[PDB]
Structures are given as structure tokens and as C-alpha cells.
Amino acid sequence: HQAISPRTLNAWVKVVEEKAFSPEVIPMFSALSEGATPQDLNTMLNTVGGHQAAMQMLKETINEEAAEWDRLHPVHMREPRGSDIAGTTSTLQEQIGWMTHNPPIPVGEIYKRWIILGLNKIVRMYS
């Protein structure tokens, strides 16, 4: 494990500062978030200044994908719930645990895809 680099973080900041939610924000996010844990991805989203309406639409998308995940993965290391993949009810160690398991559950890659789904919807919003 390494925390997402500050360089990575600062690039993401200048990307969003400068492009708001132009469609180019999406390939930049994907390049800058390679191999990220859910916690790292939240650090990235939380460094975003302002844009509270955009951030609200993103959270609603995340919450829908999490509920859909929960609908297809009933309960019974625990298996992650949707909120665990989104990093809001899971610890960093738990995220690393899933990602390095055999077989692995790539919670970072799943959450990144949910975020990209949200960013596509925001892009439809600034357009």
C-alpha cells in the first residue's frame, strides 16, 4: 500500500479547477486514480473545491450503484456491501484485505467505475 501521491492529488485539483466538468475530466480521473483504494478515491473527491450540486449528483449515483450491488449480493472476512466498496463503512485495512484476497474483490476498481458513472452524469449536467 501507498497513499495516492500528493502529485496525483494536486493534478486532480488543477484538472477540476480548470475543466469543471468537461468530458475530458473523465479520462484524467481514470489515469490519476490507477490502483486506488476506496479511501484514496474519496480523498480525491473530497479535495474538490465547491461544486456542491455536482458532488450531490455524484453521491446519488454512488448510492444507486451501491444499492444495486446490495440487491445482487445478499449477506451471510465479511464480503463487502455497497457502502464498504464506497469506503464509507469499511476501513482501509478491510479494503486492502479484499483487494489482496484470493480470490480478490477489487473494491477500488468497482468504486472507480461507480464514480465514472457519476462523472458521466455530471458531464450530461454541465452540457
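All residue numbers refer to positions in the sequence shown, first residue = 1. Just so we're on the same page, rigid core means the largest C-alpha set that superposes within 1.5 Å between forms.
- Annotation: of the segments 40 to 48 and 95 to 103, 95 to 103 departs further from this form in 7 other deposited structures of this protein (C-alpha atoms, root mean square over structures and residues, core superposition).
- Comparing the two stretches 49 to 57 and 28 to 36 by root mean square C-alpha distance in 7 other deposited structures of this protein, with all structures fitted on the core, the more displaced one is 49 to 57.
- Per the record, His76 and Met77 are separated by 4 to 9 deposited residues that have no coordinates.
- Higher mean CA B-factor, judged across 78 to 86 and 23 to 31 from the recorded values: 23 to 31.
- Here the stretch with the larger average CA B-factor, out of 49 to 57 and 36 to 44, is 49 to 57.
- The deposited CA B-factor of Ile115 belongs to the lowest third of values across its chain.
- Per-chain ranking of the deposited C-alpha B factor places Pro103 in the highest third.
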